[PDB]
Ligand SMILES: Nc1ncnc2c1ncn2[C@@H]1O[C@H](COP(=O)(O)OP(=O)(O)OP(O)(O)=S)[C@@H](O)[C@H]1O
Ligand SMILES: [Mg+2]
């Protein structure tokens, strides 16, 4: 999958229609801002990567106000991290919190006491694996229930409507907009995690390399019993005592290398290489 | 006062002996629900005027609460806070040295002890052998509904004296119910009321509390005919249907359109094996997709997959009508179970004009 | 209910059971008899079963809740046939019909 | 800066201007004022429609607490309308703290998974109503008393775990003497569920009593009658929007707040779209300040142009050239439209009063059905109208005069401007019945006419129903399938116009990949799929084609159409 890094040389097709499509999409920003500012939260749904449109909207209209961007497609994001970021910067508070619910209570009380605070949220790929928790969406909806917070979200998964319940629907107060941009999902697939054997075996002792080669050969022929494997290793004179063979087996185990959990085709290609 | 309770009271009084005398370290009393364990022991303790601490296990759901409540009540009989059982033993030894507590037995009544076996491993053995450790003329009583056979720890401990409270009978129940007669009418009237009530309900309801509650509820209707103007036949004829209606309930005391179709489809998916599904729906010859296909087949009109149907699904899940089986994080292959009674689904199908029995594979 | 449970244990050798089978065979017993006074509905029998489980004469297997209701739950009896017979012999006012059903 | 490893990014640096202008300002002001009035009336109705139960609750609580001077408990059935509850509950506490007791504590099931947290929240809210254990609560009550009871509200017991419930009940049973306690239950399903939650050993300690709440259908009918069939609001709605909102309500939620939100969105869109929506006396005075561009916009209206076509050529020239004459004529037409609205509402209400007692309800039971079937087409042109008339012609005299008495009550209440002789004749009354039926039919023919038949209706009507559908009831699967199958509708590229279901090779990689996936089996072999994709795109190169295939596969896997399997290497299910 390393070849992916070199695959970016392919040129796009029919880019003129995409240009007109983006120009048509650009004109809805004022209406979206008006709908946000009256107490509505907006979801964007449609085919194609819509990150570019959101970034354009931010850099065009949100350069004069406080705004927080969370690109949830990163698999390391959690709601507690968002809460900590809000507390540390929006309110500039450093004190730790005993529980998530207590942090939510503090934030709600602070925002209710201070009516001069306005915050904008820009969430990318709200359907992330880490944000699908019921408590996560409950927390986000409770946050969005305030009249001093504006929410723009994006949907890219098919089963998104199952996330929201009737009470959650009432809390979120959603409006929908269809914006299909046809953009490739380069960045959003970049962080996602869908050679090693050669590098490991390069610096290992040649006896271990031969033993592993024999093990691969037997595995491709048809798991070995310990006794038969020891006898065959004896026959090749790569082992002088069973303690040494078990030491080599433990060395292989330490690298997570009896069955080898490696695909047959990869082993066949590696043997000749 | 106590009625039909004279053997157990005499046995307990003989057991206690004199105040300066010693007694058993542990007595385990067990009986039925309406045997009156709490009433008899508390009345006896009040009558004998003994230093006793009454404790509910349920109220003291934590060890610290239990020990602190015991110590505070004992001190009030004569603030203290303790945390460990050894500290409780030491503080009990310190506090028991009062002159009023010098040559007298101390009683710790515990009720609802069934939860004690779920609190700590060594708490029950420690409570059993309290008199050895304290050596201060201490007695501990137990009240429970479960037999002693299930209270035995694996290691074995000091066996308490086991006691049983006798079960009630027709005469005893009638006497107890007829004791607290209302003053505004004759005693024989209330006795006849109790007699007919027992003759109607003794087959099922033997609970004294429940039967007394039923009598209290139904007496006003009993006394109406004489007010309207000792006629046994007249009263019985006037009163029988009301008694039957009351016996109908001894222990008891509008969905949206598409929701009905979702519910019936879920019931069909749950109670009909998959192999026969096409046999009932395919025109020619559980997971979410199966439910969607069944719903699409049943409804005569083309329903668009609007998010509102998913909102209905989630709302039904919340209302505890459909149970989620799989992991909450896995919202692409979810599993569901239907928990609706068959009479309810038949009624809703009748309100929908749908014949579910024609499709139930098990009935066919 | 206990006699029905014993009959279930005899017919199905050492297997669990639920509320529905017991209810069905109790209904069979009360329907075979012409007009005996045992016309009871589902909720009262359900409450009686709950009380029996509360007294810990019946224990669940592989305990779970929510996924399985009180109904359709695998129950087992914690008594022996000779114990039931001896206890029934000393019952004060056991009716003839239930005694003969127990013998059958 | 928005592409780093850390997913948390944060940045630091008038209402009407976002709507753009004087017409825009006036439209925004009218929007705000009308929304204020509408929600105020909604709150008024919400408070009004629960007295007959609030008084019952107050008297029940008074009776229960009289004995204290067995735990009293009231069961309240509230239906599936999960959105309504909170609002009602608001008013609920506003009764109790005003009348009987200043101690009301409502609790959730989400925030009380364990009894420790339950008691913690309970005591925390009791603290500001004016380890934690029952002794502490008793001491607090003794201190604050040194006798008002305490009120606890359980909202959603379905989510409550049983064990905490039985524990709390059994603990509170033994301390009733120490402090009074009363429970309020909120049950969404039938009350029978209470028997399935509490074992009888615990249930025997409660004296439960049952109340029932208002049905949602009556609530909707009252709201519709008070807010749309009245003359106090200038805004009106076409039939399509009414039908779609009624469908959503009756088929989805039985909730009124969703209907209110739809109405608000309709109002916002109507004031955003039509510049002429700036427009009783307010419009009368605003006509004088009209602008020439707005004059031309008025000149462009379809109903206006049909009305101009109706009049003579000289009047046509006078309207098309003069401005003040146009203003005066539009003023007269607006007054005529107002009169039409008045008499339409009155006549429809009287007709529904006549129809309400008809057996089998040929034209419905409530206001909404008759109103929408009148809005659709002319009633008199349908044979069902004749059937209704001939069924009316069979009424008995006593029921007929009772119906006439109800209609006379309607006339004396709010039929104030026209045809008191109708009520006089009703007082005067087969021949008479036939005369009454014929007179009612004449009224129906004269006054029941579609508002679309009159000019300048577009000022007070909205018609973009499909936009409302797409902005409230989204169809992500349908839109995604349309994008995947026939991208021509999004691109207008003639190369994609071949057939339906055939394979346009010119289509982008994702579309052709999805279409190839569709025709294959339920398990997709990746190598065979790649070979097919290469064959399709064919009609250095190999690596580029493989790159496009991998990118398309990853995209489809992200969208959820792909779930991999380990049973067979390189296979995926749908
Ligand atoms: N032998 C009795 N004589 C007089 N009254 C009795 C007798 N037994 C019970 N009662 C009355 O019945 C009431 C209820 O009985 P309980 O004392 O609750 O029974 P119990 O054995 O303590 O069961 P638990 O532990 O409370 S579940 C008592 O409060 C008494 O008023
Ligand atoms: Mg008791």
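Residue numbering: from 1, along the chain as shown.
The deposited model was determined using electron microscopy, 3.8 Å.
Including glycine, each Cβ sits where the backbone N, Cα and C put it.
Here's what Swiss-Prot has on this protein:
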type    : residues                                       : note
BINDING : B:31, B:32, B:33, B:34, B:35, B:36, B:37, B:38 : ATP binding site
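What Swiss-Prot annotates, mapped onto the structure for a quick look.
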residue	record	contacts (Cβ under 8 Å, 6+ apart)
B:31	ATP binding site	B:37, B:145, B:164, B:165, B:166, B:167
B:32	ATP binding site	B:145, B:165, B:167
B:33	ATP binding site	B:145, B:207
B:34	ATP binding site	B:168, B:206, B:207, B:208, B:209
B:35	ATP binding site	B:165, B:166, B:167, B:168
B:36	ATP binding site	B:2, B:5, B:165, B:208
B:38	ATP binding site	B:111, B:143
Check: Do you know which of the binding-site residues B:31, B:32, B:33, B:34, B:35, B:38 end up with C-beta under 6 Å from ligand 2?
Finding: B:38
Check: Can you count the other CB atoms that lie within 10 A of the CB of residue B:37 (ATP binding site)?
Finding: 22
Checklist line | Filtered B:31, B:33, B:34, B:35, B:36, B:38 - binding-site residues with C-beta under 8 A from chain D | finding: B:33
Checklist line | Where residue B:36 (ATP binding site) falls in three-state DSSP terms | finding: coil
Next item on the list: Specify all same-chain residues, apart from the site residues B:31, B:32, B:33, B:34, B:35, B:36, B:37, B:38, whose Cβ lies within 8 angstroms of the center of the Cβ atoms of the ATP site, ordered by sequence.
Entry: B:145, B:165
